[PDB]
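Below you'll find only one chain, the form deposited in one PDB entry, shown as structure tokens.
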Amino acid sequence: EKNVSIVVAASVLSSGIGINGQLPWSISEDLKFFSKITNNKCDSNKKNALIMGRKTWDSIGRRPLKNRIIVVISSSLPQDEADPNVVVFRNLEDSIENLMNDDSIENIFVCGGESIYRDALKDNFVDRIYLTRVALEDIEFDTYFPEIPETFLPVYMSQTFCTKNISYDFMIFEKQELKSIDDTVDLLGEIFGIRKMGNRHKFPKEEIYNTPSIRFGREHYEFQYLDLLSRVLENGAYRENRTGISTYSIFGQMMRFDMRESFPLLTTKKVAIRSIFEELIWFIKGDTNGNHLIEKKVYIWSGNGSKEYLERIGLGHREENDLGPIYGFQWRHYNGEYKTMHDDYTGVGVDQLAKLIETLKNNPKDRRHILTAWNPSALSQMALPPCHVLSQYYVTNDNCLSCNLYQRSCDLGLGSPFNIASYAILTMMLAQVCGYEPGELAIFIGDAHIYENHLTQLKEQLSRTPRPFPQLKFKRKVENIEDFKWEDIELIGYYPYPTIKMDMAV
């Protein structure tokens, strides 16, 4: 008995693998993966066998692959014995029976087009599936990869990679047919109740774990958000808050995302990326006028900015959407004497963002690149205290800009998908203006919570296996960071699940 794995690079949605006898794409690193996964063997005196159909054998030039043995499935090709690295069989079945019991062969790989993929799964010959999900769908395919049978479960999903602005994943699918430590920890959990901290951070149950079959291969960094949801649904304490909608809350959580090879925009739900940007540039410009977002069809600050809400918190003297000194005011005019949203605050206050950009490129290894928004002297004047209170930035030795954010209160479901992408765009903006590349984004959270009217919505989101992250590139290089416009943003390869409506708690 030996192992028979499928290697395939297919589209993310329709599972397309070819067009007009060739690939729909040219990804160098993906072919390198095919090379390394098919050469992976234990015995140096053995070789791996690569099974492929004739039309696929034509697409690779009918030339052998080093250190491997190509098995071509063809009804017409002559069974030439002159080439030992290429053998022909009349059907797929006689090429599995012959490869196994052939001690010179260690592993078997199926990789030969739709006709071979489809008949290898229908006849139950395949043990593993190496899938490369490529985020390209608005093009034309003519050969597809069959739908993965239910007998297979995913066990690994890599981080999203980027080649020529094309996002792709790497997944492993297995066919589903030390313990003394686990016993002792369970016994200690019975003796001590909540006294054992492990019981206060119980591992989420399978019913609330997104794609629970991926146990050890949760490399895709959207799991940093999906698993935080699961940890809240498992350990969240039911608590009241300033609004009429209670939450399930835990304390002290973190999420980290890559920004070099992808953009952390959630794929399990269509995230309103346009509104995220318009709010971010609204912060950068130092603007606290809530109408300037409503004038651009962005209504995320209408609830916390209505006349009825402001009178409720004792700010009835403000205009209809005068949010007061908040994120935008503290970034550009810290400790500035706020009057109204119509006054001219040029020069007043401490321009943190300007000093940040100046310090990022003049003293890159300075570990004080800090942008804060928590000003106790102005909290009473704010329509809402800052949720993302403090961010720190870091220039790596390879000229990348990483970002750390501390968030005191995190509305998973509404605020969190925005904060993940918002500070991701901000770091990219800071990276271009300072002449660096994007690095990493880590979000440290205080009150990570889920509003009780988001439960059926967020549980629906957990039922969706993540897709590769999109790409975010800028159309032009900007002089000043304030000059960014929405038209200057290109969102490449974003194929999310349908949007999920969730009401905001005012």
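For the two forms, the rigid core is made up of the largest set of C-alpha atoms that agree within 1.5 Å on superposition. The first residue of the shown sequence is 1; numbering continues from there.
Student: Among the other entries of this protein that model both neighbours of residue 287, is it absent from at least a third?
Tutor: Residue 287: modelled in every other compared entry.
Student: Check whether residue 261 has no coordinates in at least a third of the other compared PDB entries of this protein, counting only entries that model residues on both sides of it.
Tutor: Across the compared entries, residue 261 is modelled every time.
Student: Do any residues of the deposited sequence lie unmodelled between residue 177 and residue 178, and which range holds their number: none, 1 to 3, 4 to 9, or 10 or more?
Tutor: In the record, 10 or more residues between residue 177 and residue 178 lack coordinates.
Student: Taking only the CA atoms, which stretch has the higher mean B-factor in the record, 461 to 469 or 40 to 48?
Tutor: Between 461 to 469 and 40 to 48, it is 40 to 48.
Student: Going by the mean C-alpha B-factor recorded in the entry, which is higher: 318 to 326 or 356 to 364?
Tutor: If you average the C-alpha B-factors of 318 to 326 and of 356 to 364, the larger mean comes out for 318 to 326.
Student: Please pick out which of 169, 93, 142, 411 has the largest Cα B-factor as recorded in the entry.
Tutor: Among 169, 93, 142, 411, the highest C-alpha B-factor in the entry belongs to 93.
Student: Compare the CA B factors listed in the entry for 235, 160, 98, 267 and report the winner.
Tutor: Highest C-alpha B-factor among the listed options: 98.
Student: Within this chain, which third does the Cα B-factor at residue 80 fall in: lowest, middle or highest?
Tutor: For residue 80, the deposited C-alpha B-factor lands in the highest third.
Student: Select lowest, middle or highest to describe the third in which the CA B-factor of residue 202 falls within its chain in this entry.
Tutor: It belongs to the middle third of the chain when residues are ordered by C-alpha B-factor.
Student: Grab the CA temperature factor for residue 371 from the record and place it in the lowest, middle or highest third of its chain.
Tutor: Middle third by C-alpha B-factor.
Student: Ordered by C-alpha B-factor within the chain, which third holds residue 494? Give me lowest, middle or highest, please.
Tutor: It belongs to the lowest third of the chain when residues are ordered by C-alpha B-factor.
Student: Split into thirds by Cα B-factor across the chain's modelled residues, where does residue 504 land: lowest, middle or highest?
Tutor: It belongs to the highest third of the chain when residues are ordered by C-alpha B-factor.
What comes next is about the form deposited in another entry, which does not appear here.
Student: Looking at 353, 360, 99, 171, which has a Cα shift of 2 angstroms or more between this form and the one not shown when the rigid core is held fixed?
Tutor: The residue that shifts is 99.
Student: Can you tell whether residue 36 sits closer to or farther from residue 98 in the other entry than it does here, judged by CA atoms, where the change is 3 Å or more?
Tutor: Residue 36 and residue 98 sit closer together in the other entry.
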